[PDB]
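[1] once you've seen the sequence and the experimental structure below, I've got questions.
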Amino acid sequence: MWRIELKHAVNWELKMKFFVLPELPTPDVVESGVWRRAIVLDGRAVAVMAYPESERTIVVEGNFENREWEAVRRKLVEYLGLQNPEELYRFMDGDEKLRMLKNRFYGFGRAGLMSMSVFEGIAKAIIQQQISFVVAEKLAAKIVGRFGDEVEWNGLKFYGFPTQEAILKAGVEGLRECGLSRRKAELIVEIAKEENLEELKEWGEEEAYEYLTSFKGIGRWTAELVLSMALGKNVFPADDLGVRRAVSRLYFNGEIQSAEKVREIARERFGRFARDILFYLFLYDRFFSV
Ligand code: NA
Ligand code: NA
């Protein structure tokens, strides 16, 4: 039992609403407002769960060590996006459409991440290519089911995204078996061979983008999605079709704009908060749209 004490209220129900298939282990499971997964910490999988005890207090329970609390706390703050949103909210107030987004999803706070590791973020971004998000999430669940860790703790099963070593063992055929196309299976396996992959999170955006796009089959949208969603960098993936739609609805009266036009909007209006606003745009595209 540990507490994460926030300076600002967070609406947990809106945080949880970000997940598309909360009940299915993707690897995350959310049941009755309780978030949980297994995470690999110093070479083994540990159970972690989180839920609010109040508007400014998130309770964490798990079978990791007291001495490991600091590191788990950091990981959860970042993954769930629990950081002080005061400055973001003030900034959003300064733009008519950002203010509307802020009011429609008020208490969502700052952006979290899509993954608990660089490897998970890259693999999921590859999976998601040219398919519906629901289909992508089901594929991730199959892969988690087959090759991810599973920890039983306190009457509950906690599921983890497969390690790089697990994916290497699974191999291209293991991934194809889960429903993944040959080339996507090949690419995830090639990524799994990369050592020190977790270090990418601390690379400069420029070097990280060049690295990501140096893989055949990883281009601009996939790289920028990883950068923003998985690496926490202020890189705005304007090629994303949900993003283009949301920005077009907000600023161009529902008339679909090019990625280059959407990029210009982001530079002019979103500034240092583009990565946070990105998550509000995703919600907007999902939840506000014979
Ligand atoms: Na889930
Ligand atoms: Na490439």
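    Sure thing, it's come through. Residues are numbered from 1 along each chain as shown. Ligands and ions are numbered 1, 2, ... in the order given.
[2] all contacts plus neighbour counts: C-alpha atoms, from now on.
    Noted.
[3] from the centroid of this structure, which residue is nearest?
    Among the residues of the chain, the smallest C-alpha distance to the mean C-alpha position (CA atoms, centre = their mean) belongs to residue 114, namely 0.9 Å.
[4] what sits against the residue nearest to residue 254 when sequence neighbours are not counted?
    Residue nearest to residue 254 in three dimensions, not counting chain neighbours: residue 248, with 5.1 Å by CA to CA, 6 or more residues apart in numbering. The neighbourhood of residue 248, defined by CA atoms under 8 Å, 6 or more residues apart in numbering, consists of 254-257, 262.
[5] one more time with 7 Å
    Listed by CA atoms under 7 Å, 6 or more residues apart in numbering, the contact partners of residue 248 are 254-257.
[6] over to residue 243?
    Residue 243 makes contact with 281-282, according to CA under 7 Å, 6+ apart.
[7] sorry, back to before: tell me the one of the contacts of residue 248 nearest ligand 2?
    Of all the contacts of residue 248, the one with the least separation from ligand 2 (CA to the ion) is residue 257, at 24.7 Å.
[8] for ligand 2, give me its nearest residue in the stretch 1-150 of the chain.
    Using CA to the ion, the closest approach of the stretch 1-150 of the chain to ligand 2 is made by residue 126 at 11.6 Å.
[9] from residue 32, how far out is whatever residue of the chain ends up closest to ligand 1?
    Proximity to ligand 1, evaluated over the chain using CA to the ion, is greatest for residue 22 at 3.5 Å. Distance of residue 22 to residue 32, given as CA to CA, to the nearest Å: 10 Å.
[10] higher neighbour count, those two?
    More crowded of residue 22 and residue 32, by other CA atoms under 10 Å: residue 22, with 19 against 7.
[11] who's in contact with the nearest residue to residue 163 once chain neighbours are set aside?
    Sequence neighbours aside, residue 148 is the residue nearest to residue 163 in space, at 7.1 Å (criterion: CA to CA, 6+ apart). Taking CA under 7 Å, 6+ apart as the definition of contact, the neighbours of residue 148 are 159-162.
[12] now with 8 Å, please.
    The contact partners of residue 148, taken as CA under 8 Å, 6+ apart, are 159-163, 166.
[13] including distance to ligand 2, could those residues go into a markdown table?
    As requested, these are arranged in a markdown table below (distance: CA to the ion, whole Å):
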| residue | distance to ligand 2 |
| --- | --- |
| 159 | 31 |
| 160 | 28 |
| 161 | 24 |
| 162 | 24 |
| 163 | 23 |
| 166 | 25 |
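[14] show me these that map onto strands.
    Secondary structure of the contacts of residue 148 is defined by DSSP state E; positions in strands are residue 159.
[15] selection in PyMOL covering whichever of the contacts of residue 148 are buried, please.
    What follows is the PyMOL syntax selecting those of the contacts of residue 148 that are buried according to 16 or more other CA atoms under 10 Å:
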select buried, resi 159+160+161+162+163
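[16] would you list the phi and psi of the residue nearest to the centre of the chain?
    Backbone torsions for residue 114, taken as degrees, to the nearest 10, come to phi -90, psi -10.
[17] need the contact list for it.
    Listed by CA under 8 Å, 6+ apart, the contact set of residue 114 reads 79, 121, 229-230.
[18] okay if I get these as TSV plus secondary structure and distance to residue 108?
    Conversion of these to TSV gives the following (DSSP: H, G, I helix; E, B strand; the rest coil; distance: CA to CA, whole Å):
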residue	secondary structure	distance to residue 108
79	helix	13
121	helix	21
229	helix	16
230	helix	18
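[19] now the strands for the protein?
    Remark: strands of the chain, listed N- to C-terminal, are 2-5, 29-31, 34-41, 44-54, 57-62, 150-153, 156-159; assignment by DSSP E.
[20] what comes up buried for the third one?
    Within strand 34-41, the residues that count as buried by 16+ other CA under 10 Å are 34-40.
[21] what helices or strands is it leaning on?
    Contacts defined by 3 or more CA pairs under 8 Å, 6 or more residues apart in numbering; DSSP states H and E place strand 34-41 against strand 29-31, strand 44-54, strand 156-159.
[22] report whether it contacts ligand 1.
    No: with CA under 5 Å from the ion as the measure, strand 34-41 is seen stopping short of ligand 1, the closest distance being 9.0 Å.
[23] contacts for that strand?
    By CA under 8 Å, 6+ apart, the surrounding residues in contact with strand 34-41 are 16, 27-30, 45-51, 116, 149-151, 158-161.
[24] so residue 175 touches residue 183, yeah?
    No: assessed by CA atoms under 8 Å, residue 175 is found out of contact with residue 183, at 10.2 Å.
[25] who has more neighbours, those two?
    Neighbour totals were compared for residue 175 and residue 183, and residue 175 leads with 23 against 13 (other CA under 10 Å).
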